[PDB]
Amino acid sequence: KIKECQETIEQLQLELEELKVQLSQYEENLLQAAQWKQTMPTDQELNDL
Amino acid sequence: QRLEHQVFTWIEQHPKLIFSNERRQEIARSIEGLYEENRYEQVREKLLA
Amino acid sequence: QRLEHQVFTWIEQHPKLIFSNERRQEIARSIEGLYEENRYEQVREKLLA
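Protein chains in written order, with the authors' numbering: chain B, 736 to 784; chain G, 491 to 539; chain W, 491 to 539.
Take a look at the structure:
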């Protein structure tokens with residue numbers, strides 16, 4: 736029974752860390768999007784002309 | 491011409507973002523007639539969408 | 491002033507949207523500085539947020 740508990744905890748730790756990694760991926764992607772918004776082209780020169 | 495080139499370059503520099511051919515044509519329509527039919531913001535509107 | 495009235499009449503007609511006091515200040519100032527500081531894009535961007 737104790738070894739079964741240990742195995743279950745191992746598997747759950749693995750899955751939990753996988754989910755944490757994916758959540759970090761999503762946060763990184765949100766930061767990427769936020770960064771993209773700033774890098775848009777502008778019509779400064781066309782406006783001046 | 492240069493600004494439209496920059497706009498589409500910026501679009502394709504971020505493939506994660508998805509622009510439909512219909513959306514791309516809409517951006518083309520907006521960019522082509524600037525200051526004769528609509529202000530430049532409508533381009534940024536479509537990108538930020 | 492009338493546009494500010496319409497914007498904040500649009501918020502108060504949609505009670506399901508939670509505009510904190512701080513965000514209301516943000517929108518208020520962004521409208522307050524139309525065309526002297528920031529185009530309309532900064533207002534509707536926060537509404538869309």
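Ideal Cβ placement from N, Cα and C applies to all residues, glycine included.
The beta carbons of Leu493(W) and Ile521(W) sit closer together than 8 Å. Put simply, the backbone Cα of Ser510(G) is about 19 Å away from that of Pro776(B). Between the stretch 526-538 of chain W and the stretch 522-536 of chain G there are three or more inter-stretch CB-CB distances shorter than 8 Å, so the stretches are counted as touching. If you check the CB distance, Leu524(G) and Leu765(B) do not come in under 8 Å. Remark: C-beta atoms of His504(G) and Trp771(B) approach each other more closely than 8 Å. The C-alpha of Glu742(B) lies about 21 Å from the C-alpha of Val756(B). The secondary-structure analysis by DSSP pairs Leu524(G) across a beta bridge with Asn528(G). In the structure shown, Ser759(B) adopts helical secondary structure according to DSSP, grouped into three states. For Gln503(W), the enclosing alpha helix (DSSP H) has its first and last residue at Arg492 to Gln503. The C-beta of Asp778(B) has 16 or more other C-beta atoms within 10 Å across all chains shown, which makes the residue buried.
Contact with chain W is absent for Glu527(G), since none of that chain's Cβ atoms lies less than 8 Å from the residue's Cβ.
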